[PDB]
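Basis for what follows: all heavy atoms, side chains included, without hydrogens, waters or symmetry-related copies. Numbers restart at 1 for each chain; the letters A, B, ... are given by sequence-line order, proteins then strands.
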Amino acid sequence: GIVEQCXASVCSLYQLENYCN
Amino acid sequence: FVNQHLXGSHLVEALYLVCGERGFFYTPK
């Protein structure tokens with residue numbers, strides 16, 4: 001999930017946008 | 001600001017700025 005991909009590892013715009021509505 | 005480690009309030013701030021009027025979901029597994 002988002003914490004593993006963006007906090008525990010470096011985030012990306014592709015991944016952040018997957019959490020936009 | 002996106003391409004770094006973002007934790008806690010820093011991560012919800014990035015979601016807020018990127019997602020705009022869409023809004024977002026913050027679902028820490």
Do A:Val10 and B:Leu6 have side chains that approach each other closer than 4.5 Å (heavy atoms only, starting at C-beta)?
no

To the nearest 0.5 Å, how far apart are SG in A:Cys11 and CD in B:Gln4?
9.0 Å

Could you grab the distance from atom CD1 of A:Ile2 to atom CG of B:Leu11, nearest 0.5 Å is fine?
4.0 Å

Do B:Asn3 side-chain atoms and A:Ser12 backbone N/O form a donor-acceptor pair below 3.5 Å?
no

Does [X], at its [atom1] atom, have more than 12 non-hydrogen atoms belonging to other residues, nucleotides or ligands within less than 6.0 Å?
| X | atom1 | answer |
| --- | --- | --- |
| B:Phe25 | CZ | yes |
| A:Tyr14 | OH | no |
| B:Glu13 | CD | no |

Restricting to non-hydrogen atoms, name the atom on B:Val18 and the atom on A:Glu17 that form the minimum distance, rounded to 0.1 Å.
CG1-CG, 3.8 Å

Would the A:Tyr19 and B:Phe24 ring centres measure less than 6.0 Å apart?
no

